[PDB]
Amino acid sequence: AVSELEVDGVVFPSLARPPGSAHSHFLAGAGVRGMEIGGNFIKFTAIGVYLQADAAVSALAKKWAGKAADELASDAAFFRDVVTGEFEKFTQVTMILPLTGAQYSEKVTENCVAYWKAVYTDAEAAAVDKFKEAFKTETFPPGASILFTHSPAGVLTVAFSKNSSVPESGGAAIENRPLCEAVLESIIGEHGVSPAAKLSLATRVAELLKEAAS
């Protein structure tokens, strides 16, 4: 089934074919990402979350079938299950405000870094280095998108999309399951950077799970 959603101006297609992926993805959820400055919620980006067209839902249904929107929303194990699921995920980050690749890299990376510090090998450091070198000569105006593909393997594909042409390569694919998962968890995790996305996601997947029961 599944519908297309519009966050701010950004329009997210219902069914998609991501770069670096052989399968179609359905729009699982979408929502604004912003900051709290001076007691005001400034919107920075619009995030869309896509899941593998049939792998996901079948996979989720085993622990989450029957459960409702609020129930799924109130459970961290759910969002960790979609983050870690044995299927392809995809994330679209479209800009409302302008960001630079350096700053973006800087604190999607530094928090993964910090956490891994607390418990972080050389594979992690290398993956991070490839990530930010992928990002530091780039610019993102309003409308510019970042396309993240999270393959079931831990391979992270990075594409960029100003305008309507083919997504442009962000470099070589980065094969590091911790970073690949972490990029997505920064969004949907427990201290997920976009609560709106999580709510939408939970609601829609709930609907899809009930619909299976013919």
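In this text, residue numbers run from 1 along the sequence as written.
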Between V119 and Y120 - deposited residues without coordinates, as a size class: 1 to 3
Would you determine, from the values in the PDB entry, which of 120-128 and 137-145 has the greater average C-alpha temperature factor? 120-128
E207's Cα B-factor: lowest, middle or highest third of the chain? highest
Against its chain's modelled residues, does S24's Cα B factor rank lowest, middle or highest third? middle
Could you place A69 in the lowest, middle or highest third of its chain by Cα temperature factor, using the values in the record? middle
Assert third(CA B-factor, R80) within chain per record equals middle
Lowest, middle or highest third: where is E185 by C-alpha B factor in its chain? middle
